[PDB]
Amino acid sequence: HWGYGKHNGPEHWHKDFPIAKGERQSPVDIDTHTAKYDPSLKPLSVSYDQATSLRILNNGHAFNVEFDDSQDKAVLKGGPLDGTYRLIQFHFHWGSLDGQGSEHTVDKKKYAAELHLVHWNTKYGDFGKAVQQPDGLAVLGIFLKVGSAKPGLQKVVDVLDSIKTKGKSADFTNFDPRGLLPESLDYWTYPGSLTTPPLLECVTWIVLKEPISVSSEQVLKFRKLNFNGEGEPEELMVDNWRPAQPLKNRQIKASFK
Ligand SMILES: Cc1ncc([N+](=O)[O-])n1CCNS(N)(=O)=O
Ligand SMILES: [Zn+2]
């Protein structure tokens, strides 16, 4: 099946998922000088005060912290979005080294990791239906650089021991995603796709300009996870990022000057 190895990685995905070579694939390189300030972009509205996390899962390629999305409890609105998008889960993409790991790049610069908070458009009823729509998802991406520790990320780091391998999950209630946000909500936005198969072109990407800092110990813990299932040869979960794709006929807009 697909993965991030030499034999099933990003360069192989198009065989099972031809949309991999589509017109609006993600991630992309964000050329800061070419992105255009768009005064008509409304401020982003992140309302996570009532967020209800439920569980954390190692799915074989990343770990997802899942939320109750059966009601508007944690939503993203405003910015380039029309309507309300509900948070369903968040996960990360990281590298084997601090010099790589992010999916989006800024003027070709790669960050140590990238957090994706996935939200779906409530006008579509459920996530499964939303991904079949061009404006079905809104994914908030936040770059991670190594430096000082991120206090709000520690609870996630500490539970990873319990979901070391593919298929393992653990209760993960009362986690506050507001603790993973940088100070500024300035962002770049463009129409794109999921960065993992099925690579559906249903995402409005909102990538924050300001990265958050995590400690070397925190990211090191990410790199101890396994792509493999328990009782299988150990393959460390590292470099689970897709490289930048052709921008093609798209313009990246900036919410700031
Ligand atoms: C939203 C979604 N559908 C399928 C998967 N998956 O297979 O992991 N994801 C999560 C990773 N996709 S992403 N990077 O574009 O947010
Ligand atoms: Zn992702």
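The residues of chain A that appear here are 4-260 by Swiss-Prot count, in order.
For this deposited structure, the header notes the method as X-ray crystallography, 1.9 Å.
Note that Cβ sites are derived from N, Cα and C of the backbone, with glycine treated the same way.
Take the Zn(2+) site that Swiss-Prot assigns to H94, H96: the candidate from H119, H122 listed for it is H119.
Record check of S43, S73, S165 in Swiss-Prot: the feature phosphoserine is attached to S165. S172 is the residue among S105, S172 that Swiss-Prot labels phosphoserine.
Comparing Cα positions, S165 (phosphoserine) lies closest to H94 out of the binding-site residues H94, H96, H119, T198, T199. Ranking the recorded positions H64, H119 by other CB atoms within 10 A of the CB puts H64 at the bottom. Checking the recorded positions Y7, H119, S165, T198, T199 for a CB within less than 6 Å of any atom of ligand 1 leaves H119, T198, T199, listed in sequence order.
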